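The structure under discussion appears below in the form of structure tokens.
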Amino acid sequence: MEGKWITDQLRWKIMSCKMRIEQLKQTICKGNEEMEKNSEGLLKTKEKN
Amino acid sequence: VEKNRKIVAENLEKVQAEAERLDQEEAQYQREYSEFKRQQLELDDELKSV
């Protein structure tokens, strides 16, 4: 067990990190889409102004 | 991206802040112009009556 226990900790670390990359990539997509929308809204508002 | 988002959010907010101010001004122009129109619509009837 003291052997597998160490490699499974690493496996969980990799899987956790991958789950966080999946999260961060989505967070960046969300952040970008919010920024892109806000940029298009700002442009329209300046035009309106 | 958070920094850019925050900066753009402030830009949108501050630009829209001017939009709502101009809305109050345009609303005031209407409120005042409506009064000048009321007077004008009487002077035209006084002119025609006289």
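Going through the structure tokens in order, the chains are called A, B, and so on, while each chain numbers its residues from 1 and the ligands are numbered from 1 in the order shown.
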Could you give me, as CSV, every chain A residue with an atom at most 7 Å from chain B, plus its closest atom pair and distance in Å to one decimal, counting only C-alpha atoms, rows ordered by chain then number?
```
residue,atom,partner,partner_atom,distance
A:31,CA,B:1,CA,6.5
A:35,CA,B:5,CA,5.5
A:38,CA,B:8,CA,6.9
A:39,CA,B:8,CA,6.8
A:42,CA,B:12,CA,5.1
A:45,CA,B:16,CA,6.8
A:46,CA,B:15,CA,6.9
A:49,CA,B:19,CA,6.1
```
Export of prior selection with N, CA and C atoms as an mmCIF file, in the first residue's frame:
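Below you can see again12.cif, which holds the result:
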```cif
data_model
loop_
_atom_site.group_PDB
_atom_site.id
_atom_site.type_symbol
_atom_site.label_atom_id
_atom_site.label_comp_id
_atom_site.auth_asym_id
_atom_site.auth_seq_id
_atom_site.Cartn_x
_atom_site.Cartn_y
_atom_site.Cartn_z
ATOM 1 N N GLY A 31 -14.820 34.568 -19.219
ATOM 2 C CA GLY A 31 -14.302 35.919 -19.065
ATOM 3 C C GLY A 31 -14.161 36.639 -20.391
ATOM 4 N N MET A 35 -16.228 39.836 -21.650
ATOM 5 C CA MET A 35 -15.493 41.018 -22.086
ATOM 6 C C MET A 35 -15.859 41.404 -23.513
ATOM 7 N N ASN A 38 -19.244 42.937 -23.423
ATOM 8 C CA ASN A 38 -19.137 44.259 -22.815
ATOM 9 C C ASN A 38 -18.457 45.246 -23.751
ATOM 10 N N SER A 39 -17.484 44.783 -24.532
ATOM 11 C CA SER A 39 -16.846 45.670 -25.496
ATOM 12 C C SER A 39 -17.824 46.078 -26.589
ATOM 13 N N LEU A 42 -20.206 48.559 -24.994
ATOM 14 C CA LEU A 42 -19.558 49.854 -24.817
ATOM 15 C C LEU A 42 -19.489 50.615 -26.134
ATOM 16 N N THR A 45 -22.782 51.901 -26.952
ATOM 17 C CA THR A 45 -23.159 53.002 -26.071
ATOM 18 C C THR A 45 -22.432 54.288 -26.440
ATOM 19 N N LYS A 46 -21.146 54.201 -26.780
ATOM 20 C CA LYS A 46 -20.439 55.383 -27.262
ATOM 21 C C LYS A 46 -21.095 55.931 -28.523
ATOM 22 N N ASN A 49 -24.202 57.614 -27.482
ATOM 23 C CA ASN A 49 -23.868 58.868 -26.817
ATOM 24 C C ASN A 49 -23.500 59.949 -27.827
#
```
d(CA of residue 29 in chain A, CA of residue 13 in chain A) in Å: 23.8 Å
